[PDB]
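Asks: Chains as they are written, first to last, in the UniProt record's numbering: chain A, 854 to 1090; chain B, 299 to 454, 462 to 466, 491 to 515, 522 to 620, 641 to 676, 689 to 793; chain C, 695 to 811, 813 to 827, 856 to 1041; chain D, 27 to 66, 81 to 143, 165 to 172, 186 to 242, 264 to 298. Every residue, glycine too, gets a C-beta built ideally from N, C-alpha and C.
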Amino acid sequence: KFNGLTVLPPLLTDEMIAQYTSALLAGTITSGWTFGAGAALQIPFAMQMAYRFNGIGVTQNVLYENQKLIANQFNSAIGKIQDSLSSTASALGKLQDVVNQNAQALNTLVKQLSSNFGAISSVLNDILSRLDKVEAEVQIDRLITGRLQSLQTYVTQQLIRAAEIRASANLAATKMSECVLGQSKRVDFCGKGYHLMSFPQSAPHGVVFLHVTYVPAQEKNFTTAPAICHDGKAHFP
Amino acid sequence: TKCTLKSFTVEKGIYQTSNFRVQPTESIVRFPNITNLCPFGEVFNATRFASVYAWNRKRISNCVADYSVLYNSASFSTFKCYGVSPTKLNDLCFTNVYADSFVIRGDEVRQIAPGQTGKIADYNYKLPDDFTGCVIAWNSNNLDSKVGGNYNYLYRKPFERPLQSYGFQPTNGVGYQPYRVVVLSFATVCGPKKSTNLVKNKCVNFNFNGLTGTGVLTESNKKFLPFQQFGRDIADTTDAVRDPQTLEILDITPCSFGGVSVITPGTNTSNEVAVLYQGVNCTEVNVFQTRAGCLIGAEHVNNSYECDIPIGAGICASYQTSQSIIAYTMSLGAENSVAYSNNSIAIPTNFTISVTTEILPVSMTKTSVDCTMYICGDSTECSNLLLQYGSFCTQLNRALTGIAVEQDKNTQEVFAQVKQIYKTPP
Amino acid sequence: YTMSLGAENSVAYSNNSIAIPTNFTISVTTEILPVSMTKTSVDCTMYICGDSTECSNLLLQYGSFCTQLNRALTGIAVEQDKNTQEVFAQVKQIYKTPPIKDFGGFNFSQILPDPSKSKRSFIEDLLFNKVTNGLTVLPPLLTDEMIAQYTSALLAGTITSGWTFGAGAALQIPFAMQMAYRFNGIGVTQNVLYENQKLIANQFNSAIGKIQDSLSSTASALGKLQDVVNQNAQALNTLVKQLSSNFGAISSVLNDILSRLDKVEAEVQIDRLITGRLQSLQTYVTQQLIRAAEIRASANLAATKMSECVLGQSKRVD
Amino acid sequence: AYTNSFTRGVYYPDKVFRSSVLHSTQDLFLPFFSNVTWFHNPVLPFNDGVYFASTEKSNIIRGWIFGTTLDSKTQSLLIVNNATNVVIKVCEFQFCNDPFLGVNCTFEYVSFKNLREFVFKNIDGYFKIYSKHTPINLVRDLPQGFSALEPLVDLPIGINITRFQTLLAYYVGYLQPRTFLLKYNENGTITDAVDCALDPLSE
Ligand SMILES: *[C@@H]1O[C@H](CO)[C@@H](O[C@@H]2O[C@H](CO)[C@@H](O)[C@H](O)[C@H]2NC(C)=O)[C@H](O)[C@H]1NC(C)=O
Ligand SMILES: *[C@@H]1O[C@H](CO)[C@@H](O[C@@H]2O[C@H](CO)[C@@H](O)[C@H](O)[C@H]2NC(C)=O)[C@H](O)[C@H]1NC(C)=O
Ligand SMILES: *[C@@H]1O[C@H](CO)[C@@H](O)[C@H](O)[C@H]1NC(C)=O
Ligand SMILES: *[C@@H]1O[C@H](CO)[C@@H](O)[C@H](O)[C@H]1NC(C)=O
Ligand SMILES: *[C@@H]1O[C@H](CO)[C@@H](O)[C@H](O)[C@H]1NC(C)=O
Ligand SMILES: *[C@@H]1O[C@H](CO)[C@@H](O)[C@H](O)[C@H]1NC(C)=O
Ligand SMILES: *[C@@H]1O[C@H](CO)[C@@H](O)[C@H](O)[C@H]1NC(C)=O
Ligand SMILES: *[C@@H]1O[C@H](CO)[C@@H](O)[C@H](O)[C@H]1NC(C)=O
Ligand SMILES: *[C@@H]1O[C@H](CO)[C@@H](O)[C@H](O)[C@H]1NC(C)=O
Ligand SMILES: *[C@@H]1O[C@H](CO)[C@@H](O)[C@H](O)[C@H]1NC(C)=O
Ligand SMILES: *[C@@H]1O[C@H](CO)[C@@H](O)[C@H](O)[C@H]1NC(C)=O
Ligand SMILES: *[C@@H]1O[C@H](CO)[C@@H](O)[C@H](O)[C@H]1NC(C)=O
Ligand SMILES: *[C@@H]1O[C@H](CO)[C@@H](O)[C@H](O)[C@H]1NC(C)=O
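#1: Run through chain D and tell me which residues come within less than 9 Å of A575 of chain B, C-beta to C-beta.
#2: Say yes only if the C-beta of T604 of chain B is nearer than 8 Å to one or more non-hydrogen atoms of ligand 5, and no if none qualify.
#3: Is it right to say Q498 of chain B is buried, meaning 16 or more other beta carbons lie within 10 angstroms of its own, or is it exposed?
#4: With a threshold of 8 Å (Cβ to nearest heavy atom), would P561 of chain B be considered close to ligand 4?
#5: Taking 8 Å as the cut-off, is the beta-carbon of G601 of chain B closer than that to any non-hydrogen atom of ligand 5?
#6: Taking 9 Å as the threshold (beta carbon to beta carbon), is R567 of chain B in contact with chain C?
#7: Could you give the C-beta distance for residue 664 of chain C and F800 of chain C, rounded to a whole number, given that I count them as a contact under 8 Å?
#8: By the 10 Å Cβ neighbour count, where 16 or more other Cβ atoms means buried, how is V1033 of chain C classified, buried or exposed?
#9: I'd like the list of long-range same chain contacts for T874 of chain A, defined as Cβ closer than 7 Å, with 5 residues on each side in sequence excluded.
#10: For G880 of chain C, would you say it is in contact with chain B, using Cβ-to-Cβ distances shorter than 9 Å as the test?
#11: At a cut-off of 8 Å, would you count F59 of chain D as near ligand 9, judging by its Cβ distance to the nearest heavy atom?
#12: Quick check on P809 of chain C: does DSSP put it in helix, strand or coil?
#13: List the residues of chain B that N282 of chain D touches, going by C-beta distances under 7 Å, in chain order.
#14: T1077 of chain A touches chain C at which residues, Cβ-Cβ below 9 Å?
#15: Please say whether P39 of chain D and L277 of chain D have beta carbons closer to each other than 9 Å?
#16: For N394 of chain B and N354 of chain B, I'd like the C-alpha separation in whole angstroms.
#17: List the whole-angstrom C-beta distance separating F565 of chain B from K41 of chain D, where the pair is believed to meet the contact cut-off of C-beta under 8 Å.
#18: With 9 Å as the threshold, decide whether the Cβ of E1031 of chain C is near any Cβ in chain A.
#19: What's the call for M900 of chain A, buried or exposed, on a 16-neighbour Cβ count within 10 Å?
#20: Residues in the stretch 529 to 563 of chain B with C-beta within 8 Å of chain D's C-beta atoms, listed in sequence order?
#21: Strictly by DSSP, which residues pair up with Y453 of chain B?
#22: Using 9 Å as the threshold, is the C-beta distance between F186 of chain D and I210 of chain D below it?
#23: Would you list the residues sitting across from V772 of chain B in a DSSP beta bridge?
#24: Helix, strand or coil, according to DSSP, for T912 of chain A in the structure here?
#25: Of all Cβ atoms in chain C, is any one closer than 9 Å to the Cβ of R355 of chain B?
#26: Report whether the distance from the Cβ of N87 of chain D to the nearest heavy atom of ligand 9 is below 8 Å.
#27: Consider the Cβ of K1086 of chain A: report whether some Cβ of chain C lies at a distance smaller than 9 Å.
#28: Out of C:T739, C:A1020, C:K776, C:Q1002, which one is the CA nearest neighbour of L753 of chain C?
#29: Can you tell me the Cα-Cα spacing of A701 of chain C and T778 of chain C, whole angstroms?
#30: So, does the CB of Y873 of chain A fall closer than 9 Å to a CB anywhere in chain B?
#31: Would you kindly check if the distance between the Cβ of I1013 of chain C and the Cβ of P728 of chain C is under 9 Å?
#32: What first and last residue would you give for the beta strand (DSSP E) that runs through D950 of chain C?
#33: Can you list the residues of chain B that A1022 of chain A reaches, using a CB-CB cut of under 7 Å?
#34: Measure the Cβ-Cβ separation of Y91 of chain D and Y279 of chain D and say whether it is below 9 Å.
#35: Below 9 Å between beta carbons: does that hold for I101 of chain D and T240 of chain D?
#36: Kindly provide the chain-ordered list of residues whose Cβ lies closer than 7 Å to any non-hydrogen atom of ligand 1.
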């Protein structure tokens, strides 16, 4: 378990990440996107949402005339996230998978110490206690070659996995810059619906975004026209 | 599955556990219609024989030595070998060989064998004492004798010509009695190989003309040129053969094989499971021939649902209604005819604010392996050998150090996007 | 010759001169992206050892390799379905068009399905024509006849309901009114559409026609997909050809070690073939992991183009 | 005197069927566009192996001798074609330095209108014959066209052939170790070839 394998701590502790997710969130609540652009500028939270609705082509008065409904929907929806996360761990599959793959890689790297690779024993001290150096070196070359090939394989796996996790980190960094610090217009980049804002929350080895999105609900059919004739001239909306 | 995963609990999924492989039902052998067997009748039943003091010889090469049958047959009463097992005469061979031969009174006639007893053997009658191959002998009274001892029989180089006439006579005593022998001294001479019937359509182990394999053999339309014996796939693999006895061409195909995979709900729910034999036809192995292979232990269903456990080729499985494993063509989603026309629009009259979780990994566990301590358990004798492999340990530890530093950078690039620690009002 | 980078053009700039387009061309430009490899699995015991028990026993001394090589290829194989899922399964319902084709004079008939075709569009049928052991191949989870229902659904949503089926329920809207939104989305005022609607339809219908001719005239436009097939075939053929290599053993025909030598000599010789074949397999698996990481980068790009570029209207220039 | 081999002197390398496929092989082959000797006879070196070809209609060339001395000291392949028979024998023959006609002994065997073409090589104690017959519209030189020669005889003769002679126009070329790419058609015949060493396009 400890045969030259070691785990180093992160530079940032989880308590430091929790301060950064607090800072990002407190900026996002008190000051909208402005703390992303430069100095944080305070703005009342209803007026921030009024800008964010206007950012999806919904007129500001559609917020203010519905503010208690919108607050009740938002507060209720946050409550449903706690229930969803409480109900099953299987929601965090993307994080638990990254922990499990590393544990399987190290357990495979450790179990490979027990393999003979065609030597008389995989316990190196057997060879050294049982054989003269001229004989022992022919056996130990097999264990060295086998163990070295196993270690090169483990490092090759970890390089490829580290590139996959870098692509995920660059995606998360892009998500935070646009989707928390701004209001990304990029359809379905910030969850389903028209994007409003998102709140980051820290997680072991990762990040969780709560994307908040306007989704249209009840709807009606109408007869429609591209334009209307008045005094022979055509009017457009 | 529990053993494959090294666990007593198995979560819902599909797991590969083993490889299924149709077994060879028997071994076929094919070689051409047998020909050019060695003329051992011309050795042992010869019309005349030289003296043991003057042993003759004849060719025993480029012809197939069926000598195991000849050694048990009436051509010899006794046999021996100078450099081989006597039972090997069914299949033994040399690049060249010859049958040295002679007859005499039995004490001298015994010299007609490789390195045989009495000085007349090394002086004339025998093959050399170091010579490879075997010899045989029998009573010579049918021709190699005369009433007072035959003067054509005699005793004293090996297989060559100081000498006198032998006692070989029909009235002779046990040491004087007429005897004759030959030494078949030592690819071309080879003993005959057997062959089987050519069983088609079964999975069979096989030999043709000294190539071998395991596969299914079937009649084919492929037009080999007459000297061609074997057919090849694009990448080295044998795909057809000529039968050496019946010059038609048969295909080869590998005996059917594939991953045994276990469909299961969680063991924290049920011990019922279903097995997918990937790729195989159900004829080879409550049974359902999917496009992914034969499935066993699952019920085919005409409904369709979201894909719970995937199989392949549009098939999925789940544990459902009192309940059992079902397999079904997956539903892509409920269909919907959109109410389009040149003048109809739908407009929403109300909204829902959704909140949707999204989750992304950012760091691996920062890990470092001291490659010298991993490869060598503190042994200096091991470390001194590891130096012969040069830079590899330094290189591997450098590569893992690059990964380890990058996890801090990933965490920095995600979270350190804000220059100040903002705090809320109370 | 020393190549030229392009035609030289001095822009006629001055502090009071502007150029404004009096007209436009609608254009249709193809873009092609790989999304999945051929899902592949290898029985390393059958690959390394040709059903020989002596070889199969020797291989046990190497421990975990045949397990972790199966696991590595299985991880890649599952990821191919995940890529295909995230590209195509972006829509909650299989939308379908009405029987009528009152799309304001636009003509999608070449890109919509034909039920007489597997149910695919005519342009999808061009594309399906222009692309062409111990080792095994596994089928994709979604068949070509399933993917064609998702491309039909995404397309029928896009035609009938604008981007709205990406944001929520598919709200129907007439196609000449959807294009007025698309024009306002590029800052061209919507009356430019209506005052040019027949011209815009003619340019669009003509441009769709030219895609068929472009795809029919040369395979070189479709090279990315053909190359992904070529690379996997070339990798598997290399892995098969390596079975014939001797690696310093007396012959790569495994039975012609066993039938020829004494057991100690045969085991020392077979350990070469095991080492060589196992190193050849580790090489192939490493190639497939790196190739699969490239295809995953292409699939995440394609999935993003599906979300922004089909389901929406991206302002991301080029 | 000399002429040129052009496209000729390919032969089936092994007893194997391959079809609708391109295959790479390395062997003693007649190099493409190599110069070849010309004759209407002398005694010649075998080199690594021989390409031999003669315009024929009446068996004017009676056969060949292959060996080292071609006289008494060591075994030699007398090869003769005599009407209904092909006949071979292996003696250290006591015949003249060049046996002719007008208008040890360890083995023996029995089996212009045209060009007759042949290849001979002696490897690992085995002697090989490959051959082809074709009708023709040219008899002054080997025509630029393609037809792979196919095996007739394959025997473990064990003799070290280094020299040969014709028995009595014809041409002599010599094989060299080269890599060739062979076009096997749908019917399992070789139908075209490339020698990788001929030019950079061939590489
Ligand atoms: C804008 O450009 C279009 C072509 O893109 C012009 O349409 C063509 O006009 C000519 C006559 O000038 C017709 O013969 C062609 O058949 C038209 N082409 C198509 C595809 O319809 C159009 O006239 C231009 N409009 C303006 C205002 O300049
Ligand atoms: C849409 O365009 C297609 C061609 O892109 C038109 O199909 C052709 O129509 C003519 C007249 O009916 C036929 O002669 C051709 O054989 C058709 N070709 C094919 C491939 O079907 C189609 O008519 C157009 N439809 C609409 C509604 O405009
Ligand atoms: C719109 O009208 C059509 C019939 O014209 C009907 O099928 C559809 O369900 C209606 N949709 C709504 C939201 O009322
Ligand atoms: C082999 O012998 C059988 C009869 O015993 C005959 O039918 C078959 O054609 C022969 N094959 C050859 C290649 O001579
Ligand atoms: C697992 O099984 C236990 C009983 O053995 C049960 O209490 C528990 O709810 C089960 N969990 C799930 C997720 O099914
Ligand atoms: C192979 O499977 C198909 C169905 O996939 C079946 O029709 C066929 O009969 C099977 N072949 C054999 C030899 O059983
Ligand atoms: C599926 O439904 C059809 C009728 O639509 C029926 O004939 C068939 O028997 C059903 N399948 C099974 C496995 O029973
Ligand atoms: C809008 O939806 C909410 C529930 O989400 C409902 O309480 C409210 O009455 C609805 N308002 C209208 C005008 O339909
Ligand atoms: C050899 O070939 C060249 C052309 O490649 C030709 O010019 C030359 O005359 C030939 N020489 C002989 C000796 O045949
Ligand atoms: C060919 O020559 C051999 C002797 O070398 C002779 O036995 C045979 O009869 C001849 N055949 C013909 C057809 O002349
Ligand atoms: C073959 O060798 C024998 C002596 O072993 C000799 O008598 C005979 O003349 C040789 N053959 C020829 C063709 O000379
Ligand atoms: C043939 O040549 C080899 C060396 O190349 C030699 O060992 C062998 O004895 C020779 N055989 C004869 C029959 O001359
Ligand atoms: C293959 O052989 C058949 C006759 O067996 C002939 O009809 C056909 O034309 C040949 N095809 C090729 C490509 O040589």
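Replies: Let's see:
#1: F43
#2: yes
#3: buried
#4: no
#5: yes
#6: no
#7: Because chain C spans 695 through 1041 in this model, residue 664 of chain C falls outside it and cannot be assessed.
#8: buried
#9: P1053, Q1054, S1055
#10: yes
#11: yes
#12: coil
#13: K558
#14: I896, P897, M900
#15: yes
#16: 17 Å
#17: 7 Å
#18: yes
#19: exposed
#20: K557, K558, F559, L560, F562, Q563
#21: B:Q493
#22: yes
#23: None; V772 of chain B has no bridge partner.
#24: coil
#25: no
#26: no
#27: no
#28: C:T739
#29: 41 Å
#30: yes
#31: no
#32: Taken as a continuous stretch (DSSP letters only), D950 of chain C belongs to no beta strand (DSSP E), being part of the alpha helix (DSSP H) at 946 to 964.
#33: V729, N777, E780, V781
#34: no
#35: yes
#36: C:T716, C:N717, C:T719, C:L922, C:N925, C:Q926, C:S929
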